[PDB]
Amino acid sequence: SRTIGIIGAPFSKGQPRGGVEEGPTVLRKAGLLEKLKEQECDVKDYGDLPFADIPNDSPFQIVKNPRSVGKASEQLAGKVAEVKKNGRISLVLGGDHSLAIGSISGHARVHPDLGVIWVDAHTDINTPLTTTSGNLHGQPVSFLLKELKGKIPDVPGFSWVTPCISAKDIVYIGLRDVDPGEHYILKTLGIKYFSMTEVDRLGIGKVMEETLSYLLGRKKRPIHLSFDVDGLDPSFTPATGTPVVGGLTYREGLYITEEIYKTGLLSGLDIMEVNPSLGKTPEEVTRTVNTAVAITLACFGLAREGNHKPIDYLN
């Protein structure tokens, strides 16, 4: 069975648009905790991290809000490690995707052998020197990869980071808006990815088979799922900062998470980039939040074929 530890991370400064800091609020409001308890789930809420304002945080080169982002990730790393040591699956409600530096870092402190599945339209693997936007939500993976040590300058706020994963310990699914330096890094480091072209070619069934065999083939190990709702098509998750057409369908997102649940190895989860302020209508917001909740419930066992308890229902 499996214990869950919820962490709200109401944090937006990895990117410019306000509102993503409300994700933990609208996800809770949608009844996530109660719906989780409805399943097999032993659920503990660790609350919303209080990220204090860092008023003096001028860019580093063109990298924006570095001290704010670095410290939020440092704090979240602390908290995720606590949840993990408490023997629970960490569930980070974001918040922008820069928080993955802290979520994966903190997870890896307790489980260094982890493997990551990163579901996103974007690779989020720019370095401080290849970014053109300066937004740290487009860089988290570069901070985490050991191969890119040497390439990450000393950015204020991140002196606490130690790269904890190798290029062979991450798989991307969903990619369709990748910068040229990012694509170079993928090919140079030999990272495993299923862009939307591969999902089209192979079908999500084969994509998950290969994703899981790639990560678990040699031996089982904890899985970290970092799910950016912008990996799904904007027809399902429109309330997000950077929607990109041609995404994963609602079905594909449930398929990915149902298969990860079935491994019994989910160890940490990020549900990121929900930005209620950016829905064009109230219904775009509920659509987005509802989809995120459904993705989350699938991670913890909710199955489209149905579920039952180990009793005899014919009484």
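In case it trips you up, residue 1 is the first one in the sequence shown, and so on.
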The stretch carrying the higher mean Cα B factor in the deposited entry, 119-127 or 209-217, is 209-217
Going by the entry, of stretches 63-71 and 46-54 the one with greater average Cα B-factor is 46-54
In terms of recorded Cα temperature factor, pick the maximum from 259, 34, 252, 273. 34
Taking the values straight from the PDB record, which of 95, 238, 163, 203 has the highest C-alpha temperature factor? 163
According to the PDB entry, is the CA B factor of residue 167 in the bottom, middle or top third of its chain, that is, lowest, middle or highest? highest
On the chain's distribution of Cα B-factors, residue 187 falls within the third called lowest
Residue 246's Cα B-factor: lowest, middle or highest third of the chain? lowest
Of the three thirds of the chain ranked by Cα temperature factor, residue 307 occupies the middle
Residue 155: CA B-factor among chain residues, third -> highest
